[PDB]
Amino acid sequence: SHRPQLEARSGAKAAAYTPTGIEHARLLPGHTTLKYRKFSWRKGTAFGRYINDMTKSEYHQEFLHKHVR
Amino acid sequence: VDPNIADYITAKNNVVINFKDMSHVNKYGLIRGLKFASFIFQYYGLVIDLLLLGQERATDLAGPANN
Amino acid sequence: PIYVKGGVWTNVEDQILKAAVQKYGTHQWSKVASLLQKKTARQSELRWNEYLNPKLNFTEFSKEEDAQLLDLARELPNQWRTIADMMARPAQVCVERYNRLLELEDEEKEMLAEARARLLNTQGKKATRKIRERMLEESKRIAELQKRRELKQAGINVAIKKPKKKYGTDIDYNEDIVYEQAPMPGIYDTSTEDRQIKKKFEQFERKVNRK
């Protein structure tokens, strides 16, 4: 029905094709010239005294915490 | 409350959370979106409040039980 | 009559659902629901999850397993989904076991016929339409032939009209060779063979004419 890509449109045919002679927008001459190189109260409480996983990054969990409620 | 109610509520938070073809048993963590869940949250909040204030200061803020 | 879905799982219905699941898989619950005139998507999915899925089990628990269960109850209080998972069983069954331990047909046939019809019909409308057009086209062709043949019998020779070419560079392949990529140039001589094959071809043509 509608199918994955396997054998790409090979520019062999586009080479043997005739020229168009259209003038595209970007092929207008931009940067003509090249550059070059040189060369009491506190007692009474109950309690008185990196990973390479995008789904487990500290940034990530934090982000999720931020952006859910 | 009567233990049966408690049992029910605990069992309700433990649901399977389907979203868009992925599920999981919500083994640990209250679900806000139950109707009563608010009450549970509030009750849990009380615990936290007590921890913060202690028995004495909390008792004062509440006042005497009778009045 | 239109109405709110629910009810009880008749065995035929269950079977149908199973079939659907085999067909469409465990995450297209809408379609499967649609296949069942009575039961909802959610209902269906739940049923599959809970009762119908074969990678569950309903065998009784061993004494060790019983111990594990009741111990879990003691330790995880009535978080039965979690408990179920721990057991490796479905939850309702587990709960039931725990509790134990502590102490018309015309309609059905309609949906069946419809169901089987659907499951044995696995193509989008584009496909169906295409095959329809193909057979129609074939029919048209044969009718045309019958006319042409009829006229030949009658004595009027009519050449068959070309396909009304869609574009300027559209190809008829009988005109001339498709894209004659010739054989690799001959090391061994090929002349007699060329002749013989030519003769065979011409002979074949003659035969066809006579046929």
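Ideal geometry is used to build each Cβ from the backbone, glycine not excepted, and the neighbour counts take in all protein chains shown. Any read-out appearing in this document is the output of simple, stated calculations on the displayed coordinates, not a laboratory observation.
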**Item:** Cross-chain or 6+ apart pairs with Cβ under 7 Å, the range C:38-63 first and farther than 11 Å from C:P90 by Cβ, then surrounded by fewer than 17 Cβ atoms within 10 Å (Cβ to Cβ) and charged (D, E, K, R)
**Value:** C:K38/C:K5; C:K39/C:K5; C:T40/C:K5; C:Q43/C:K5
**Prompt:** Are any residues in the range A:11-69 in a loop (DSSP other than H, G, I, E, B), among the charged types (D, E, K, R) and away from chain B (no Cβ under 14 Å), and if so, which ones?
**Reply:** A:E23, A:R26, A:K35, A:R37, A:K38, A:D53, A:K56
**Request:** Within the range A:1-55, track down each residue that is of a type in the set (F, W, Y) and within 30 Å of B:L51 (Cβ to Cβ).
**Result:** A:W41, A:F47
**Asked** Which residues, taken from the range C:7-50, are of a type in the set (S, T, N, Q) and either within 14 Å of chain B (Cβ to nearest Cβ) or touching a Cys at 6+ places or on another chain (Cβ under 9 Å) (or both)?
**Response** C:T26, C:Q28, C:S30, C:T40, C:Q43, C:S44, C:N49
**Asked** If only one of B:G54, B:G29 is on the phi > 0 side of the Ramachandran plot, surrounded by 12 or more Cβ atoms within 10 Å (Cβ to Cβ) and not hydrophobic (A, V, I, L, M, F, W, C), which one is it?
**Response** B:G54
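Restricting to the range C:35-77, give me the number of residues that are within 30 Å of C:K109 (Cβ to Cβ) and of a type in the set (K, R). Steps first, answer last, please.
Taking the range C:35-77 and keeping what is within 30 Å of C:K109 (Cβ to Cβ), we get C:35-54, C:56, C:58.
Then drop every residue that is not of a type in the set (K, R), which leaves C:38-39, C:42, C:47.
Residues meeting the conditions: 4.
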**Item:** Top-ranked residue of the range B:23-47 - restricted to ones that are closer than 24 Å to C:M87 by Cα and small (G, A, S), ranked as nearest to the other protein chains (Cβ to nearest Cβ)
**Value:** B:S23
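Take the conditions within 13 Å of chain B (Cβ to nearest Cβ), closer than 30 Å to B:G29 by Cα and of a type in the set (K, R) and apply them to C:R100. Does it pass? Before the answer, list the steps.
Working: within 13 Å of chain B (Cβ to nearest Cβ): no; closer than 30 Å to B:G29 by Cα: yes; of a type in the set (K, R): yes.
No; evaluated as a whole, the condition is false for this residue.
Anything in the range C:118-131 that is more than 14 Å from chain A (Cβ to nearest Cβ) and either loosely packed, with under 10 Cβ neighbours inside 10 Å or more than 29 Å from C:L36 (Cβ to Cβ) (or both)? List them, or say none. If you could, list the steps in order and put the result at the bottom.
Applying the first criterion (more than 14 Å from chain A (Cβ to nearest Cβ)) to the range C:118-131 yields C:118-121.
C:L120, C:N121 - these are the residues of the range C:118-131 that are more than 14 Å from chain A (Cβ to nearest Cβ) and either loosely packed, with under 10 Cβ neighbours inside 10 Å or more than 29 Å from C:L36 (Cβ to Cβ) (or both).
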**Complete:** Within the range C:68-88, residues being within 12 Å of C:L56 (Cα to Cα) and surrounded by fewer than 20 Cβ atoms within 10 Å (Cβ to Cβ) number 2
**Prompt:** Looking only at residues in the range C:2-36 that are under 15 Å from the mean Cα position of the chain (by Cα) and of a type in the set (V, I, T), which one is surrounded by the fewest Cβ atoms within 10 Å (Cβ to Cβ)?
**Reply:** C:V21
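Restricting to the range C:46-67, name every residue that is assigned to a helix (DSSP H, G or I) and either buried (at least 18 other Cβ atoms within 10 Å of the Cβ) or touching a helix residue (DSSP H, G or I) at 6+ places or on another chain (Cβ under 7 Å) (or both).
C:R47, C:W48, C:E50, C:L52, C:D66
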**Item:** Any pair with Cβ under 8 angstrom, 6 or more apart, that starts in the range B:1-22 at a residue that is closer than 15 Å to C:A73 by Cα and facing chain C (nearest Cβ under 8 Å) and ends at one that is among the β-branched types (V, I, T) and in a helix (DSSP H, G or I)
**Value:** B:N14/C:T82
